[PDB]
Amino acid sequence: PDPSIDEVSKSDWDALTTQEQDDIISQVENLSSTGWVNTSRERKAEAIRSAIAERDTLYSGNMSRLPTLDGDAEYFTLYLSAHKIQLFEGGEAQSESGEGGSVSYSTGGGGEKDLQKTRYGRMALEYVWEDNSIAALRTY
Amino acid sequence: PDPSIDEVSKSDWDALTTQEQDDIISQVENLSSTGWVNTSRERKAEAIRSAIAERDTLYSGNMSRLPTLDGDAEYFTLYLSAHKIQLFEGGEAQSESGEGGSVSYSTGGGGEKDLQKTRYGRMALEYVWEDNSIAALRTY
Amino acid sequence: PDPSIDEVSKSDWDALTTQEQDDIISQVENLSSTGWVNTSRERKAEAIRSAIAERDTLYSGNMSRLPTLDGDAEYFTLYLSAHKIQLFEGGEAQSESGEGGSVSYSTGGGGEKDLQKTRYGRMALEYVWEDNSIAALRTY
Amino acid sequence: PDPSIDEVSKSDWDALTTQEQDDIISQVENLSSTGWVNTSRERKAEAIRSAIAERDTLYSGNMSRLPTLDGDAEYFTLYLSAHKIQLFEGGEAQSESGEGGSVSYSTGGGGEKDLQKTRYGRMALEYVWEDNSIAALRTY
Amino acid sequence: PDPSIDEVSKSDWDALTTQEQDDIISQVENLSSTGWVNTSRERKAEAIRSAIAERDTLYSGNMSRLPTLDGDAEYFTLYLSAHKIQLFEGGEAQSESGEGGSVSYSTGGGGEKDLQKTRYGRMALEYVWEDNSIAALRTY
Amino acid sequence: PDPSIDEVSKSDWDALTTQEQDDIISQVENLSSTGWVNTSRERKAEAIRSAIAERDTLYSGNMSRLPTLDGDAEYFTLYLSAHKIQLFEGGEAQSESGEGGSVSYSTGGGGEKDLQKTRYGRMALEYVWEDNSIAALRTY
Amino acid sequence: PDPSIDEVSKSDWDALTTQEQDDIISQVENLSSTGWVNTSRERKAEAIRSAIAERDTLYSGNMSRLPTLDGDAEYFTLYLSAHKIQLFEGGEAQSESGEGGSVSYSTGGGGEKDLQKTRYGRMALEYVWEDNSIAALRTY
Amino acid sequence: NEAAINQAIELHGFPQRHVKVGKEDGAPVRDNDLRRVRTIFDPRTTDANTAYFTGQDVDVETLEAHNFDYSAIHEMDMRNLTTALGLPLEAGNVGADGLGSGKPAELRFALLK
Ligand SMILES: [Mg+2]
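Residues numbered from 1 in each chain as written, not as in the entry; some residues may be left out. Chains lettered and ligands numbered in written order. Part of a larger assembly, values for the part shown. Heavy atoms only, no water.

Its PDB header attributes the entry to cryo-EM and lists the resolution as 2.75 Å.

K.L.:
I keep staring at the interface of chain F and chain G and nothing clicks. Help me out?
P.N.:
Interface size, as often reported, equals the accessible area lost upon joining of the parts. Contact with chain F, which involves 29 residues of that partner, is made by 32 residues of chain G. Between chain F and chain G, a total of about 2,700 Å² is buried, with carbon and sulfur atoms accounting for 49% of that surface. Among the residues chain F hides against chain G, the three largest losses belong to F:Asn30, F:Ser106 and F:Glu126. Together they make up 24% of the total. Connecting chain F to chain G are 24 residue pairs in polar contact. Going through the elements one at a time, α2 (18-29), α4 (73-88), β4 (101-105) and α5 (119-126) of chain F are the ones with two or more residues in the side of chain F that touches chain G. In terms of residue class, the side of chain F that touches chain G is made up of nine nonpolar, twelve polar and eight charged. By the bridge criterion, four bridges tie β4(F) to strand β3 (residues 93-98) of chain G in an arrangement that is antiparallel. Of the residues in β3(G), the one forming a bridge with F:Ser104 is G:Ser95. (Contact = heavy atoms within 4.5 Å. Buried area = accessible area lost by both parts, 1.4 Å probe. Polar contact = N/O pair within 3.5 Å; in protein donor to acceptor, adjacent residues only side chain to side chain. Helix = DSSP H or I, 4+ residues; strand = E, 2+ residues; numbered from the N terminus. Nonpolar A, V, L, I, M, F, W, Y, C, P; charged D, E, K, R; others polar. Pairing = 2+ DSSP bridges.)

K.L.:
How should the relation of the copies chain F and chain G be read in this particular structure?
P.N.:
The transform that puts chain F on chain G rotates by 30° and translates by 0.0 Å along the axis, for an RMSD of 0.1 Å. A low fraction, 3%, of the interface residues of chain F reappear at the interface in chain G, so the copies pair through non-equivalent surfaces. (Least-squares fit on C-alpha atoms.)

K.L.:
Just checking my understanding: could you explain the pattern of salt bridges for this structure?
P.N.:
When the charged atoms of two side chains with opposite charge come close together, those side chains can pair. Taken as a whole, this structure holds 82 salt bridges over all chains when the rule is applied. For D:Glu29, the salt bridge goes to D:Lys44, with nearest N and O atoms at 2.7 Å. Residue D:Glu29 is found in helix α2 (residues 18-29), and its partner D:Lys44 is found in helix α3 (residues 41-58); the two are separated by 15 residues along the sequence. Among the salt bridges present, the one from E:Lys10 reaches D:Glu74, with a minimum N-O distance of 2.8 Å. Here E:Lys10, found in helix α1 (residues 10-15), pairs with D:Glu74, found in helix α4 (residues 73-88), and the two come from separate chains. Note on accessibility: E:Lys10 and D:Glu74 belong to one class, buried. (Salt bridge = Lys/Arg side-chain N within 4 Å of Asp/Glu carboxyl O. Buried < 20%, exposed > 50% of the residue type's maximum accessible area, 1.4 Å probe, protein only.)

K.L.:
Can you walk me through the pairing of strand β4 (residues 101-105) of chain B in this structure?
P.N.:
Strand residues, when the strand is regular, have side chains that alternate between the two faces of the sheet. Where strand β3 (residues 95-98) of chain B meets β4(B), four bridges bridge the pair, whose relative direction is antiparallel. In the sheet register, B:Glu96 faces β4(B), and the bridge partner there is B:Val103.

K.L.:
Even after reading the chapter, I still don't get the relation of the copies chain A and chain C, so can you show me in this structure?
P.N.:
Both copies of the chain are related through a single rotation about an axis accompanied by a shift along the same axis. The two copies are related by a screw motion: chain A maps onto chain C through a turn of 30° and a shift of 0.0 Å along the axis, at an RMSD of 0.1 Å. Here only 7% of the interface residues in chain A have copies in chain C that are interface residues too; the copies meet through unlike faces.

K.L.:
I'm lost on the interface of chain A and chain C in this one. Help?
P.N.:
The partner chain C presents 33 residues to the 29 residues of chain A that form the contact. Of the roughly 2,700 Å² buried between chain A and chain C on both sides combined, carbon and sulfur atoms contribute 49%. Sorting the residues of chain A by area buried against chain C places A:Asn30, A:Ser106 and A:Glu126 first, and these three jointly supply 23% of that buried surface. Linking chain A with chain C are four salt bridges. At the junction of chain A and chain C, the tally comes to 24 residue pairs in polar contact. Elements represented by at least two residues in the side of chain A that touches chain C include exactly α2 (18-29), α4 (73-88), β4 (101-105) and α5 (119-125) of chain A. The element best represented in the side of chain A that touches chain C is β4(A), accounting for five residues. In terms of residue class, the side of chain A that touches chain C is built from eight nonpolar, 13 polar and eight charged.

Okay, here's the thing in structure tokens:
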């Protein structure tokens, strides 16, 4: 996208023209084979806007002078967006069944925390030190 | 929304016009693909009003002079609202079945506490230090 | 491929011709017997681009002067690409059933982490010291 | 095969004629009763090429001056190839069922690691000290 | 067999006539009531050749001056061959079912290692100190 | 039998007449109600020959000057033969079902080792100190 | 029986008339309500002969000057015979089912050892100190 | 033996700081990440009353000074050398119990004279 999702703050996202937002929305939709096509454009925009805001507030600043977002900020924000869309869709499906067959996926339930709870959130955690507390300071 | 949910206290929410409330309700409805369309407007207003009141009373003040709401206050209040709407709708659904097929979602049961018990509450916890006790004081 | 995936950074990937990208996409598709044929070329491109970016940002640098990517960088990036495509497909299938029979696969959920969650990510981990902390430094 | 798989590096594999690659591919196919016949020749070539590259990069060098590949290098590379072809096919099948009957195989899920996860990888591990850390050095 | 399987190294196996190989293959087939008759002669040759090579490389040398292959070398190589043929046939079957009835075998899952994973490998382990570490040396 | 199975070494078994072997085979068949009638004469000969060889190599010599085969050597070799025939016939059945009814046997899975894994091997273990390490030596 | 089973060694059993053996076989058959009628007379003779041999070799001698067969030697040898006939019949049945109904027996799997594994062997153990190690010696 | 003691005192006579970074079974820490931590904890710029503030995933371990009896090695070495050179032990600035008194003293000083 022309403005990239890592170049955009919450205030910037609101200032983007519809096409520039839809270009980023299109990029997030590439993170699922289904593209979440049955979830409305406004829900995808809310997921992205809240991923951007959450990056800038919860995954910002430093630990021992190191950036707390160590990974690529574009793909971190995209995985964080995909994580949110998957939660708006009701969660990560463990089993599916119907007229046309059945499947079960090896999720293993995961841990208790927010990002542990879907595949996109598990990807996002690797970009942010897996939510570990590496920070250190000293008296001068 | 023109007045944003983070700019509005319980007393302010009651003073809003119907349109200003419905604009915020419309924003909360973006956090589920279903929009909880079968749950009445007045349930949604109660969930938002009680999310606002719970923010201002339980997730307010400081720990070691850090703000106890470290995350974005808008999205925290929206996730806390979505958590409440989902608990008015029953629980978080773990399995669904009918004429049109079946699905199971990987909720994993989770922990015992209020916010742990829904996907929206699990998101909301990340904004408030995951309910941890970081507070400290000196004598002088 | 004429330019190999280990010779290509994120900025280089964007600069490649459609044919040079499709040549690498074709290589990644060789890591599944299904080739993920029912996923769009853009899903595969996004998986590769984000595998390249994640290599260069998360699996780069040194530990005790050892390179942190100890294994072959080509097959590491390819397995990391295959891992992402399989997560875009909803995850690793544990059981499958239909009109034509049924199968279940030895999987067992793995561990909690991202790369543990798919056979391709389990392969990728062996190239990067299985995500272990071997780094050491002195004072002088 | 005329050039044997243990005599061939990644660069050599690329230099081989189609026939003498197919001679090695034919040898790997002897490690399954099914021969993985429904997988394309290119899947098998990719599995072998990446087994060769993985041998030369992850299972090379010494521990306490002992070679890290203690077993026969031909059969190690063939089992490592078979392990990869089996992972390109999904997992190791634990249960199979259909019109013609049903079977379950004893696997026990294995451990969490890559090579533990299929029968060919369990065989391969015995050639490489079961991935144990026997290395030692002195100062002088 | 005229040349016995314990009298034959990998280089010798390759030098044998078809009849001398088929005589040894015939002996290995006596280790199953089914003889693995639906598995090709070339699978069986590969299993035997790789059993011979594996004996000579992994189950050779001394521990505490004791020979590491303590048992009869003929039957060790035959069980090691039968173990491999059984892994080429899938796993060890734990349950079987169809038009003509059903059976479950008391395999119990067993341990994680290669030889523990089928009945023939469990037999083979007794010939090699159950893979124990009895070796000892002095400094003179 | 005229020559008894405890009087016969591996070399002697090969020297016996067909009738002397069939007389011993007939004795081993008395250890099952089914006599393993659907398993060929040559499977049974292989089981007996390998029981004789395994007795002479694995269950021979002394511990603390006591013989390692403390029990009756005839019935030890016969049980060891029956153990092998049962493994050649796929393992010990835990459940059986069909047109004529169903049964489950109280096997309990047992321990991981070879002889623990069928009823005949459990009998055989009592003859050989249950595979315990009673051996002791002095210096002089 | 005129010669009782406790008065008879392996050599004596072979010297008995057919009628004297059949009289002891008839006694052993009284230990099951079914009498194991669908097993050949030769299976029963083998079970008794091997019970006699096993008594005289494994359950003979003294511990701390106490006899190691503390119970009645007749009924010990009969239960040991019945234990063997029951193991020639498969295992001890845990569940049975068919045209005429179904039953399950409260066996509970039991312990790992030979005699623990059927009801007759559990009875036999009480005669032999439950296989405990009471033996003691002095120096002089 | 003297050279061996000097080198052993240098390595083992003094405790040394070992900062361990990251969570056990957690995210790995690379050399460039440790360079920043080294800058915070540098013994060159630290002082006696420095205090440290950290997250839970930073551990300030220590290599204790590992006790060994270099004094007894010195006494043994000096005893060997003085006796080899035919001097009394006392010449090496080392002494022994009882030997400073009575007929035990009288003998060794008679031998020297
Ligand atoms: Mg990680």
